[PDB]
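Chains as they are written, first to last, in the entry's author numbering: chain C, 1 to 4; chain D, 1 to 4; chain A, 1 to 435; chain B, 1 to 436.
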Amino acid sequence: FXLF
Amino acid sequence: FXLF
Amino acid sequence: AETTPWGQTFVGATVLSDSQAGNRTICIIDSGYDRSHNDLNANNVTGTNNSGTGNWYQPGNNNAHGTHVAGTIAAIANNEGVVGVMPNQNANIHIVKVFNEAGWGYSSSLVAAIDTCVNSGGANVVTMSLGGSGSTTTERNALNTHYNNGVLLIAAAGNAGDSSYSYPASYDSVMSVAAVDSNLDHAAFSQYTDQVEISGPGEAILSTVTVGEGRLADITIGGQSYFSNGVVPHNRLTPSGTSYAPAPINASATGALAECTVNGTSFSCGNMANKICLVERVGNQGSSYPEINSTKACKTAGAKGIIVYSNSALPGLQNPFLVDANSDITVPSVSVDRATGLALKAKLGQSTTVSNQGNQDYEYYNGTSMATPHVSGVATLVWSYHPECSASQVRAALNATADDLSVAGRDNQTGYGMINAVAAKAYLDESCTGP
Amino acid sequence: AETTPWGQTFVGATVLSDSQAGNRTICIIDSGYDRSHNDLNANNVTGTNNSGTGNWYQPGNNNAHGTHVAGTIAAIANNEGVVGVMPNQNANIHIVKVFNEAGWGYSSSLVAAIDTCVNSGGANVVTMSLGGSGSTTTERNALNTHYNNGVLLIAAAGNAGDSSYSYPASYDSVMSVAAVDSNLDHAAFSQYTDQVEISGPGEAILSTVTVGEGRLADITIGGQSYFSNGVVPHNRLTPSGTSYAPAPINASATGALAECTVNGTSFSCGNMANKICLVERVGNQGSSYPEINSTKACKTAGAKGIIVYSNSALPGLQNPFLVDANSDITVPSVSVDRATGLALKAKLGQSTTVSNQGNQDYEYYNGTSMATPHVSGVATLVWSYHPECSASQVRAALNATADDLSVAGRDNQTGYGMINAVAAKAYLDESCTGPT
Ligand SMILES: [Ca+2]
Ligand SMILES: [Ca+2]
Ligand SMILES: [Ca+2]
Ligand SMILES: [Ca+2]
Ligand SMILES: [Mg+2]
Ligand SMILES: [Mg+2]
Ligand SMILES: [Mg+2]
Ligand SMILES: [Mg+2]
Ligand SMILES: [Mg+2]
Ligand SMILES: [Mg+2]
Ligand SMILES: [Mg+2]
Ligand SMILES: [Mg+2]
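Structure representation (structure tokens):
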């Protein structure tokens, strides 16, 4: 703000 | 990366 | 048939029992949970919907990350698919969907999502395979409060391949998790910082994904499959405008197994026409993406199928990007670890079938996001044996019993080392503070 | 004539001599230094050029920030312009220009800039009125090492008006500086965090800017100027597409002074035709931009010139944004502090000239970037009296002697309080560790  |  | 991905075995989840896990609740803040999946449907799972992300039990399209994470934590043991850290439908799982296909869509903040996990889900453990570069005092304070109140917070370190701090992982109240491969080598992409606390399986991690969105591979010789050894379908990328886009080759190829010998930096493939070409990987992903070199050597030789095995530098199972600038690899190609590649050497000359299949319900992923659920899953499992211990005590137990990796002592790449469920449990067996 | 901005007086720079400053070197990592400026030309200044930012001594166009910062630290005492913390041409200054008009233009990283300050500049103090939201271990380690090696690091906390951490300010090795106004009130834009350590003048700070790029205001009555009192030309903004853009009114107006009455939130301006309208500010900048209210009340009444003075809530000198949605304010308007507004009441009825003029060499700025140089300038000034004390010891002295602001004790808004040069010097005079 993501996925990891 | 700004000025403050 | 049900497969146990290497990560599950390495962390020691398979030797313990989740029979008491019903006394624990783990909340997954991610992109949702595909409850329609056969390996996830019958879990003791609940969730709290948010106006910005639809239903927690419906990830949507191309938003399978949360389902992969959930599978690592609790894929159900049932003779099909895979198994997670707590596979026997005992652990309580709560889902908070903050990501949509397009990106973050939660109507509120991460703090609000965590609040939901604790207040609505009754979470004891909150796992977050996500993060951002920014940090704030209000957020730091909120998470510290949850942690001191007894909630164990675990998050991914990030995949930027640098020393940058990703939050929430980098707050003192949260466990920052790094990724390692099946040889326990530090994953090139795993961010290294003085916050990195513990490591978990993060390269070539097989798990559940939204139904039909996955992809798998296989190698068969003599009617037997190497699937359980770990066969990764090449993540092929080809030019798409000002960048690269996925261009997977899903097909099957059969032929006599032949190996392209590697001498220095040159290949000796000979004539691979009508054959399945076995080749050692030359170089490794990091500053570049060399997978195309060994792969192309085989293709140019006329190979019908290609099998690339790990080199001595990184013998573990790798799931690298197959950057195909000229779209030369139009045949099915896969990646296997060094041990598997050497085993295949003894089968040279035998009929071999290599295959990549799309529309699957499982897939191999790389990321600190994959390592994180191994750590939070194990944390929850170990905690179920001693629910009276506090989150801080459990966190300490995990760190104190982790298997030291890389250079001696805690380091920025792997923290205290590889999480060890058995050792952590034995630690708490003595007392909440160890022996 | 030469003006002493309020900040210089408030931090104690005007009563503590910089005669020993020659034994100190302060490095300014910013947007350059206009060495052609009369208040900066004769300083003991040097710099290290970088391939991406031209000459450190030529800021270029619309890139005056570093010059404003430098002026606060060392504008020269020469009977003209202003004066900085160390105005007598003693302190050594090293310049590293990391910003161009377009933004960050340095070919390398912040760490590289700090390395240059130390290696090439021989810096004892490194001042950074800049930052970002990101943080890294490589940075944390490098700065902690420089700090333990004896280099004092000082940086701005940021102007986002929230609790977010801006770096380098938020690293343990760097002093995070907050901004306050002339009444010592916390600036609404100053980020508040548990890293904020000390405060300095950051609202309506007059300093040097690239020659000809500045803007100033003035109020004259009976042939006498109120410039030294602090007169801020309204930072007027008018609609520009989906946002706002600067639309300053630079002109002069003369007329009898008359005051618009304020009752709570209501105005009674009467007929201001041909008059200079004096009016108390209603509301204050923060969640909104109310400057337009008192200003428009005067304009609608027919005022040819306007003077807005601070209310009791924020009596210090304010330099707020005059958001003019309907482009109503087409006359020269200015802002003055409460003391000045009250002092003007005695002049009601007298011919008053209000003027805003561009093409100046000085300008009023707001920001934690303005507070930072007061802190680093004072740190350098104080340290010059005890050069053998360590950076860590000087830092502790500044915090131990700051004048507590806001709530009792250290707080996220103002840290330990307002920097105090005289008190800090007295602390170190006893010993590098202060009183026992
Ligand atoms: Ca299963
Ligand atoms: Ca180690
Ligand atoms: Ca001067
Ligand atoms: Ca205080
Ligand atoms: Mg942490
Ligand atoms: Mg950590
Ligand atoms: Mg280690
Ligand atoms: Mg050195
Ligand atoms: Mg700090
Ligand atoms: Mg600080
Ligand atoms: Mg010394
Ligand atoms: Mg204070």
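Note that the Cβ used here is the ideal one computed from N, Cα and C, for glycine as well.
Following the continuous alpha helix (DSSP H) through residue i, name the residue where it begins and the one where it ends.
i, result
"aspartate 429 (chain A)", "421–430"
"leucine 130 (chain B)", "No alpha helix (DSSP H) holds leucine 130 (chain B); DSSP gives it neither H nor E."
"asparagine 399 (chain A)", "391–401"
"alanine 245 (chain A)", "Run containing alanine 245 (chain A): none in the alpha helix (DSSP H); it sits in the beta strand (DSSP E), 244–246."
"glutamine 8 (chain B)", "6–10"
"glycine 341 (chain A)", "338–345"
State the beta-bridge partners of residue i as determined by DSSP.
i, result
"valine 45 (chain B)", "B:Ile93"
"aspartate 411 (chain B)", "B:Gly415"
"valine 375 (chain A)", "Paired residues: none, contrary to the question."
"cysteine 277 (chain A)", "A:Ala258 and A:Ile306"
"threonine 25 (chain A)", "A:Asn92"
"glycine 214 (chain A)", "A:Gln360"
"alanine 253 (chain A)", "A:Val354"
"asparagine 284 (chain A)", "Bridge partners of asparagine 284 (chain A): none, in fact."
"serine 225 (chain A)", "A:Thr220"
"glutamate 2 (chain A)", "A:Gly81"
"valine 125 (chain B)", "B:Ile26 and B:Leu152"
"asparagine 263 (chain A)", "A:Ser266"
I want to check one thing, is the minimum distance from the CB of residue i to the heavy atoms of ligand 6 below 7 Å?
i, result
"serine 376 (chain A)", "no"
"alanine 396 (chain A)", "no"
"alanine 301 (chain A)", "no"
Which two residues bound the contiguous beta strand (DSSP E) that contains residue i?
i, result
"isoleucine 307 (chain B)", "305–309"
"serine 17 (chain B)", "Note, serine 17 (chain B): premise wrong, no beta strand (DSSP E); not H, not E."
"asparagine 293 (chain A)", "Looking at the DSSP string, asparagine 293 (chain A) is not in any beta strand (DSSP E); the run it does join, the alpha helix (DSSP H), is 291–300."
"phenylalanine 267 (chain B)", "266–268"
"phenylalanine 321 (chain B)", "321–323"
"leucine 237 (chain A)", "235–239"
"residue 525 (chain B)", "This structure does not reach residue 525 (chain B), given that chain B is present from 1 up to 436, and the question cannot be answered."
"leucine 206 (chain B)", "205–208"
Check whether the Cβ of residue i lies closer than 7 Å to any heavy atom of ligand 8, and answer yes or no.
i, result
"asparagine 124 (chain B)", "no"
"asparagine 235 (chain A)", "no"
"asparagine 119 (chain B)", "yes"
Considering only heavy atoms of ligand 11, does any lie closer than 7 Å to the CB of residue i?
i, result
"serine 335 (chain B)", "no"
"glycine 202 (chain B)", "no"
On the premise that residue j lies in contact with residue i, defined as a C-beta separation below 8 Å, what is that separation, rounded to the nearest angstrom?
i, j, result
"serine 166 (chain A)", "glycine 131 (chain A)", "4 Å"
"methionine 175 (chain A)", "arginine 395 (chain A)", "6 Å"
"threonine 208 (chain A)", "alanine 91 (chain A)", "15 Å between Cβ atoms; not a contact."
"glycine 377 (chain B)", "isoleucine 73 (chain B)", "4 Å"
"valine 177 (chain B)", "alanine 313 (chain B)", "That belief does not hold up - the Cβ atoms of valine 177 (chain B) and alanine 313 (chain B) are roughly 24 Å apart, past 8 Å."
"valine 279 (chain B)", "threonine 265 (chain B)", "That belief does not hold up - the Cβ atoms of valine 279 (chain B) and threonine 265 (chain B) are roughly 13 Å apart, past 8 Å."
"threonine 220 (chain A)", "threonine 352 (chain A)", "7 Å"
"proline 373 (chain A)", "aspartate 337 (chain A)", "Going by Cβ atoms, the distance from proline 373 (chain A) to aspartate 337 (chain A) rounds to 22 Å, so no, they are not a contact pair."
"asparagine 78 (chain A)", "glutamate 139 (chain A)", "So it is not a contact: roughly 40 Å between Cβ atoms."
"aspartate 361 (chain B)", "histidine 37 (chain B)", "6 Å"
"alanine 156 (chain B)", "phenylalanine 1 (chain D)", "Not a contact, Cβ separation roughly 13 Å."
Can we count residue i as close to ligand 5, meaning its CB is less than 7 Å from some heavy atom?
i, result
"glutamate 197 (chain A)", "yes"
"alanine 102 (chain A)", "no"
Ligand 7 and residue i: does the residue's C-beta get closer than 7 Å to at least one heavy atom of that ligand?
i, result
"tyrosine 416 (chain A)", "yes"
"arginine 281 (chain B)", "no"
Ligand 12 heavy atoms versus the CB of residue i: any closer than 7 Å?
i, result
"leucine 405 (chain B)", "yes"
Going by the C-beta, is residue i closer than 7 Å to any heavy atom of ligand 1?
i, result
"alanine 75 (chain A)", "yes"
"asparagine 43 (chain A)", "no"
"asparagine 78 (chain A)", "yes"
Do residue i and ligand 10 come close, with the Cβ less than 7 Å from some heavy atom?
i, result
"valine 174 (chain B)", "yes"
Is residue i near ligand 2, in the sense that its beta carbon is under 7 Å from a heavy atom of that ligand?
i, result
"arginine 410 (chain A)", "yes"
Return yes when at least one heavy atom of ligand 3 lies under 7 Å from the C-beta of residue i, else no.
i, result
"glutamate 2 (chain B)", "yes"
"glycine 81 (chain B)", "yes"
>> Runs of 3 residues minimum, wholly inside the segment 136–195 of chain A: which ones carry the beta strand (DSSP E) assignment?
In response: 152–156 and 174–180
> At which residue ranges does the segment 53–120 of chain A contain complete beta strand (DSSP E) runs of 3 or more residues, listed in the order of the chain?
Replying inline: 92–97
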